[PDB]
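With PDB, C-alpha atoms inside, this is input32.pdb:
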```pdb
ATOM      1  CA  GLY A   1     -74.399  69.953  22.276
ATOM      2  CA  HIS A   2     -70.911  70.065  23.665
ATOM      3  CA  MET A   3     -67.662  68.760  22.288
ATOM      4  CA  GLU A   4     -66.802  65.841  24.458
ATOM      5  CA  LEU A   5     -63.139  65.104  24.491
ATOM      6  CA  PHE A   6     -63.142  61.483  25.370
ATOM      7  CA  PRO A   7     -60.540  58.766  25.819
ATOM      8  CA  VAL A   8     -61.158  55.461  24.176
ATOM      9  CA  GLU A   9     -58.742  52.792  25.106
ATOM     10  CA  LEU A  10     -59.364  50.289  22.429
ATOM     11  CA  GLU A  11     -57.976  46.815  22.671
ATOM     12  CA  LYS A  12     -57.130  45.866  19.117
ATOM     13  CA  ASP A  13     -55.441  42.921  17.469
ATOM     14  CA  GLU A  14     -51.767  42.307  16.971
ATOM     15  CA  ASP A  15     -51.963  43.732  13.468
ATOM     16  CA  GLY A  16     -53.127  47.014  14.794
ATOM     17  CA  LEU A  17     -56.099  49.063  13.771
ATOM     18  CA  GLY A  18     -56.416  48.703  10.075
ATOM     19  CA  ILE A  19     -58.137  52.037   9.988
ATOM     20  CA  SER A  20     -57.806  55.041   7.745
ATOM     21  CA  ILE A  21     -58.056  58.780   8.288
ATOM     22  CA  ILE A  22     -58.837  61.713   6.125
ATOM     23  CA  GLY A  23     -57.116  65.032   6.072
ATOM     24  CA  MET A  24     -59.614  67.722   5.540
ATOM     25  CA  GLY A  25     -59.135  71.033   7.297
ATOM     26  CA  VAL A  26     -62.415  71.618   8.942
ATOM     27  CA  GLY A  27     -63.909  74.999   8.269
ATOM     28  CA  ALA A  28     -65.500  74.976  11.706
ATOM     29  CA  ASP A  29     -66.857  78.533  11.021
ATOM     30  CA  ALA A  30     -66.583  79.201  14.752
ATOM     31  CA  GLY A  31     -63.093  80.534  14.273
ATOM     32  CA  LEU A  32     -61.036  77.855  15.973
ATOM     33  CA  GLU A  33     -60.964  75.415  13.088
ATOM     34  CA  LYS A  34     -59.241  72.495  14.642
ATOM     35  CA  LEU A  35     -57.554  69.511  13.042
ATOM     36  CA  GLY A  36     -59.428  68.189  10.104
ATOM     37  CA  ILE A  37     -58.439  64.637  10.551
ATOM     38  CA  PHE A  38     -61.549  62.618  10.439
ATOM     39  CA  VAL A  39     -61.777  58.921  10.390
ATOM     40  CA  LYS A  40     -61.950  57.707   6.835
ATOM     41  CA  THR A  41     -62.382  54.048   7.292
ATOM     42  CA  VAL A  42     -62.115  51.473   9.946
ATOM     43  CA  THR A  43     -61.449  47.768   9.673
ATOM     44  CA  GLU A  44     -64.584  45.726   8.923
ATOM     45  CA  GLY A  45     -64.927  45.081  12.598
ATOM     46  CA  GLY A  46     -61.955  43.833  14.425
ATOM     47  CA  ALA A  47     -62.367  45.199  17.802
ATOM     48  CA  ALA A  48     -62.911  48.773  16.670
ATOM     49  CA  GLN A  49     -66.268  48.711  14.999
ATOM     50  CA  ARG A  50     -67.007  45.821  17.232
ATOM     51  CA  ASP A  51     -66.018  47.979  20.237
ATOM     52  CA  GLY A  52     -68.799  50.431  19.757
ATOM     53  CA  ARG A  53     -67.474  53.570  21.398
ATOM     54  CA  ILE A  54     -65.429  54.631  18.387
ATOM     55  CA  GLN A  55     -66.964  55.319  15.000
ATOM     56  CA  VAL A  56     -65.823  55.834  11.396
ATOM     57  CA  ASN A  57     -67.510  59.227  11.414
ATOM     58  CA  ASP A  58     -65.521  60.546  14.327
ATOM     59  CA  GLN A  59     -62.429  62.692  14.419
ATOM     60  CA  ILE A  60     -59.020  61.744  15.841
ATOM     61  CA  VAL A  61     -58.008  64.363  18.414
ATOM     62  CA  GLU A  62     -55.137  62.608  20.076
ATOM     63  CA  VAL A  63     -53.827  59.133  19.712
ATOM     64  CA  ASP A  64     -51.245  57.613  22.089
ATOM     65  CA  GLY A  65     -50.707  61.081  23.563
ATOM     66  CA  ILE A  66     -49.181  62.262  20.309
ATOM     67  CA  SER A  67     -51.652  65.229  20.037
ATOM     68  CA  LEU A  68     -51.979  65.527  16.303
ATOM     69  CA  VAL A  69     -54.081  68.689  16.559
ATOM     70  CA  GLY A  70     -53.587  70.337  13.201
ATOM     71  CA  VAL A  71     -51.603  67.780  11.290
ATOM     72  CA  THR A  72     -51.857  66.402   7.815
ATOM     73  CA  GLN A  73     -53.135  63.062   6.764
ATOM     74  CA  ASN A  74     -49.508  61.903   6.406
ATOM     75  CA  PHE A  75     -48.828  62.542  10.022
ATOM     76  CA  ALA A  76     -52.140  61.156  11.198
ATOM     77  CA  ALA A  77     -51.948  58.001   9.021
ATOM     78  CA  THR A  78     -48.545  57.473  10.525
ATOM     79  CA  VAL A  79     -49.934  57.781  14.081
ATOM     80  CA  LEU A  80     -52.813  55.343  13.420
ATOM     81  CA  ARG A  81     -50.162  53.063  11.887
ATOM     82  CA  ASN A  82     -47.736  53.299  14.795
ATOM     83  CA  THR A  83     -50.411  52.152  17.167
ATOM     84  CA  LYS A  84     -50.679  48.762  18.799
ATOM     85  CA  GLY A  85     -53.476  46.751  20.349
ATOM     86  CA  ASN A  86     -54.213  48.972  23.315
ATOM     87  CA  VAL A  87     -54.761  52.386  21.886
ATOM     88  CA  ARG A  88     -55.843  55.479  23.610
ATOM     89  CA  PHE A  89     -57.913  57.363  21.141
ATOM     90  CA  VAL A  90     -58.697  60.642  22.646
ATOM     91  CA  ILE A  91     -61.348  61.652  20.277
ATOM     92  CA  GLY A  92     -63.593  64.470  20.875
ATOM     93  CA  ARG A  93     -66.891  65.076  19.354
ATOM     94  CA  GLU A  94     -70.314  66.301  20.189
TER      95      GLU A  94
END
```

Would you encode the structure as structure tokens?
Amino acid sequence: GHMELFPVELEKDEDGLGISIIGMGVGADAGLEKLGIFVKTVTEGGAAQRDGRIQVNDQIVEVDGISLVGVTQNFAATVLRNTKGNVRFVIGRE
């Protein structure tokens, strides 16, 4: 396939996302080996799993324009915490 870097402007609740990430440096094998921040969990539905474009098996490339390409789970969890209702998840996946 092709790695689609896609923007997802999610319209979440006033709480936020209620999602979780996982920091696991991806041994991409290709040589690039990008950020290993995958989505760990998502809220039971909210508007995220009820949105449909975003998944719990995806990988956070850039949220809110913060470009967390190569960060730890601390950084990433912070980003997905700092978010509000309207979030621009620029996730990229094949």

Test item: residues at most 6 Å from range 61-69 of chain A, all atoms listed in the file, excluding those fewer than 4 positions along its chain, as a short mmCIF file (atom, residue, chain, number, x, y, z; two decimals) with C-alpha atoms, in the coordinates of the input:
```
data_model
loop_
_atom_site.label_atom_id
_atom_site.label_comp_id
_atom_site.auth_asym_id
_atom_site.auth_seq_id
_atom_site.Cartn_x
_atom_site.Cartn_y
_atom_site.Cartn_z
CA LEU A 35 -57.55 69.51 13.04
CA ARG A 88 -55.84 55.48 23.61
CA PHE A 89 -57.91 57.36 21.14
CA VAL A 90 -58.70 60.64 22.65
CA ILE A 91 -61.35 61.65 20.28
#
```

So that I can see what lies close to residue 11 in chain A, please list as a PDB file with C-alpha atoms, keeping the file's coordinate frame the residues with an atom at most 7 Å from it, counting only C-alpha atoms and leaving out residues fewer than 4 positions away in the same chain.
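Saved the output as around10.pdb:
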```pdb
ATOM      1  CA  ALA A  47     -62.367  45.199  17.802  1.00  0.00           C
ATOM      2  CA  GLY A  85     -53.476  46.751  20.349  1.00  0.00           C
ATOM      3  CA  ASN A  86     -54.213  48.972  23.315  1.00  0.00           C
ATOM      4  CA  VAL A  87     -54.761  52.386  21.886  1.00  0.00           C
TER       5      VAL A  87
END
```

TODO: Could you expand the PyMOL selection byres ((chain A and resi 41) around 7) into the explicit residues it covers here, written as a list in words?
DONE: residues 19, 20, 21, 39, 40, 42, 43 and 56 of chain A

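You will find CA of residue 23 in chain A at 12.6 Å from CA of residue 58 in chain A.
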
Task: Gap from CA of residue 72 in chain A to CA of residue 4 in chain A - Å, one decimal - done: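 CA of residue 72 in chain A sits 22.4 Å away from CA of residue 4 in chain A.
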
Using the file's own x, y and z axes, what box holds all listed atoms of range 50-64 of chain A with 8 Å on each side, keeping edges along x, y and z, and what are its centre and edge lengths in Å to one decimal, as lines of an AutoDock Vina configuration file?
```
center_x = -60.0
center_y = 55.1
center_z = 16.7
size_x = 33.6
size_y = 34.5
size_z = 26.7
```

TODO: Could you tell me which of A:94, A:59, A:80, A:48 comes closest to residue 12 in chain A if we count all atoms listed in the file?
DONE: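 Answer, going by the shortest atom-to-atom distance: A:48.
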